[PDB]
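Report on the structure
Next come the chains, spelled out residue by residue.
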Amino acid sequence: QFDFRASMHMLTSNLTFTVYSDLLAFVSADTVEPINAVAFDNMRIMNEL
Amino acid sequence: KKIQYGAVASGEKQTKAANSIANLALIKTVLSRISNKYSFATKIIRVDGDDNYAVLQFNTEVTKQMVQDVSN
């Protein structure tokens, strides 16, 4: 049997958020000039001549 | 008819290399104006007569709008 009052509920939610799918588009990235490019040892690579 | 034409064409020992020079200088001069609105690194320029192309690399990934605005 249908009880209108007992059937009533209040549903909560957040108000007005915005969902961003991609996550690296906001990142801009650049490389040092590869002549002065360095490895783990803090010592240049492609230096022998 | 004889018309005032104080400009360049073929039929000369000079036309080829000199046109390459002038087009190279022209693009080097223009390409330093997009820099007023974009950051890019000119990787390569080439000029051969009836065409010329320059490649350029950005700090980020390319979009449609940057292509449009760069062209305009």
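Residues numbered from 1 in each chain as written, not as in the entry; some residues may be left out. Chains lettered and ligands numbered in written order. Part of a larger assembly, values for the part shown. Heavy atoms only, no water.

**Brief notes about the overall build of chain B**
- In terms of regular secondary structure, chain B is built from two helices and two strands.
- From first element to last, N terminus to C terminus, chain B shows the α and β order α-β-β-α.
- Whereas a compact globule of 72 residues would reach a radius of gyration of roughly 11 Å, chain B reaches 16 Å, over 25% beyond that.
- With the principal axes as the frame, chain B shows a C-alpha extent of 55 × 25 × 20 Å.
- Per-residue burial for chain B yields a buried fraction of 11% across its 72 residues.
- Summarising the internal contacts of chain B: among those between residues at least 6 apart in sequence, 24% fall at separations of at least 24.
- Of the roughly 6,400 Å² of accessible surface on chain B, a fraction of 53% belongs to carbon and sulfur atoms.
- Charge-centre separation for chain B: the mean point of 10 positive side chains lies 6 Å from the mean point of 6 negative side chains. (Helix = DSSP H or I, 4+ residues; strand = E, 2+ residues; numbered from the N terminus. Rg over C-alpha atoms; globule rule 2.2 N^0.38 Å. Buried < 20%, exposed > 50% of the residue type's maximum accessible area, 1.4 Å probe, protein only. Contact = heavy atoms within 4.5 Å. Areas by Shrake-Rupley, 256 points an atom, 1.4 Å probe, with all protein chains shown as cover. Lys, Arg positive; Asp, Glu negative; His and termini not counted. Charge placed at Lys NZ, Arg CZ, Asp CG, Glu CD.)

**Examining the pairing of strand β2 (residues 52-58) of chain B**
- Of the strand pairs in this sheet, strand β1 (residues 40-47) of chain B and β2(B) are connected by seven bridges, and their pairing is antiparallel. Counted as the bridge partner of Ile45(B) is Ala54(B) from β2(B). (Pairing = 2+ DSSP bridges.)

**Quick word on the nonpolar core**
- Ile27(B), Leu31(B), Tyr38(B), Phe40(B), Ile45(B), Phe58(B) and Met66(B) form the largest nonpolar core, which has seven residues in total.
- Apart from residues no more than four positions distant in its own chain, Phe40(B) is found in contact with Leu31(B), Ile34(B), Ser35(B), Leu56(B), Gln57(B) and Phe58(B). (Core = buried A, V, L, I, M, F, W, Y, C linked by side-chain atoms within 4.5 Å.)

**Here we look at the pattern of salt bridges**
- Scanning the entire structure with this criterion turns up two salt bridges over all chains.
- Between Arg5(A) and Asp3(A) there is a salt bridge whose closest N-O contact spans 3.7 Å.
- Its relative accessible area of 68% is what places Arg5(A) among the exposed residues.
- The partner of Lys37(B) in a salt bridge is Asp69(B), and the shortest N-O contact between them spans 3.9 Å. Placement of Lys37(B) in the loop between α1 (15-30) and β1 and of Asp69(B) in helix α2 (residues 64-71) is noted, with a sequence separation of 32 residues between them. (Salt bridge = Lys/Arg side-chain N within 4 Å of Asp/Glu carboxyl O.)

**Some details on the layout of surface pockets**
- Approximately 320 Å³ is the volume found for the largest pocket.
- Around the largest pocket, the lining comprises 14 residues; the ones closest to its centre are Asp30(A), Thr31(A), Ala41(B), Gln57(B) and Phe58(B).
- Those elements that place two or more of their residues in the lining of the largest pocket are β1 and β2 of chain B.
- Broken down by element, the residue count for the lining of the largest pocket peaks at three residues, all from β1(B).
- Partitioned by chemical class, the residues of the lining of the largest pocket number six nonpolar, five polar and three charged. (1 Å grid on protein atoms, 1.4 Å probe; cavity = no way out; pocket = protein on both sides within 12 Å on 5 of 7 lines; lining within 4 Å. Points joined across faces, edges and corners; volume = space filled by probe spheres on them. Nonpolar A, V, L, I, M, F, W, Y, C, P; charged D, E, K, R; others polar.)

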